[PDB]
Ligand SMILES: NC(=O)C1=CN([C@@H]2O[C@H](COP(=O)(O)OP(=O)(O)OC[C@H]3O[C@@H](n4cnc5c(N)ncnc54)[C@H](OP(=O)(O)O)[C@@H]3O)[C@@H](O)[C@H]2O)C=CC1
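We begin with a single chain expressed as structure tokens, specifically the form deposited without the ligand.
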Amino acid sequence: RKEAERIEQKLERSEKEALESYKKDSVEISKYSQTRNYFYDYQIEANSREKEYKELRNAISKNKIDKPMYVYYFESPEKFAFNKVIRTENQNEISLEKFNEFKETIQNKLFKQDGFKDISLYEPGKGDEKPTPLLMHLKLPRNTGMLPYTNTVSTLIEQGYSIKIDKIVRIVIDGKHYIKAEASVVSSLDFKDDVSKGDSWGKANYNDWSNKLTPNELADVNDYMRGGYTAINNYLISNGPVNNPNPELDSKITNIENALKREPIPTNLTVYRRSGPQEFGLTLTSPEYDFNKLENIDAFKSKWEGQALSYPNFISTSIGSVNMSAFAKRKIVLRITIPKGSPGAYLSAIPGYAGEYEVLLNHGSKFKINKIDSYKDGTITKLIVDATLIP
């Protein structure tokens, strides 16, 4: 505990203040840290928990590990899209069938992790709170912020990365079976609500992009951004190249694709799209689109989690996660990890009518849906779809 006393002395008074509050209200504060960035900028600024979020975020950055460190924490199976129990809480055994099913569910997938989390440095034993049958054993990389603190002793981190589960093992603690998931961190540039910082990145990486394009490519990209996108994307969505061929539109599509391949996304990058229901085969009047009903979330997850979402059209995204007037009522936030080397361009590097903080992805792109979350925006449940662009 005297070790935790050391690190607390390193904190500013305002950070100590945020930590005192965290000790009293950890659940709500951690919940806020997960979804804060999905609201309007003015909503973020207005929230009573925002100032303390920033202070506590700063506090954790005051102690960065010098070498990688393994940590333990319990997690719900639902966190990795296993939407059923591994075993009940009064059961001791986990069946081998269930073990294999969970392995099949999690393999070859990256999962976005966000928000404040309490962890332990030691494997939980008999005298520890073990609320689920799933124990994460995660390797945190060098320079990860870590805040040990006393309450009556724990360690606080802020998750801002993706994890992959490399191996699962069935272990026994106090006569009970648990799945222990050995996991690794995969990084991705993620601006979340900091659109200004994302814009600085976008401009730095794409200011010179227009000048790398041929006259035909430039003209077709300009025409797309000026409003041609509607005709082009509707054509692609309806399978026009087959059903009602337009070779003029086809040539534009070819040029825009080649433009997006000209300077590939230079690093793993997270982007955000507010999707309309049509992108998932629904309409505004679809009863299934009412995510305030749990059965509709259940049905949506069953259809889409673990499956590929395909876009015949070009995909407009933003480096910012914030809500915006243009898509205020859209209920589905597609949160996409773009692997380094993927086609794409920051279009808002061209001054004019460029969309807001816009990154355009190539037509025909496929997105693997890893996990679906929900949150309340006012009284309306909205979804966050954790997806990876498939090469």
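Counting begins at 1, following the sequence as shown.
Heads up, the form deposited with the ligand bound isn't pictured, but that's what we're talking about next.
- Not displayed here, the ligand is kept clear of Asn255 by more than 4.5 Å at the level of heavy atoms in the deposited complex.
- Although the partner is absent here, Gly228 is not a contact residue: none of its heavy atoms lies within 4.5 angstroms of the ligand in the deposited complex.
- Within 4.5 Å of any heavy atom of the ligand in the deposited complex lies no heavy atom of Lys98.
- Residue contact check for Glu358: one or more of its heavy atoms lie within 4.5 Å of the ligand in the deposited complex.
- Of the candidate stretches 153 to 161, 82 to 90, 138 to 146, 270 to 278, only 270 to 278 contains residues with a heavy atom within 4.5 Å of the ligand in the deposited complex.
- Within 4.5 Å of the ligand in the deposited complex, a heavy atom is found for none of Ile7, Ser26 and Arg57.
- Checking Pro312, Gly240, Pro264, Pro124 for any heavy atom within 4.5 Å of the ligand in the deposited complex turns up a single hit: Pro312.
- Though the ligand is absent from this view, in the deposited complex it lies within 4.5 Å of a heavy atom of just one residue from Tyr70, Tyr32, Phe327, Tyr40, which is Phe327.
- Looking at 316 to 337, the residues that come within 4.5 Å of the ligand in the deposited complex, counting any heavy atom, are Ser316, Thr317, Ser318, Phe327, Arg330.
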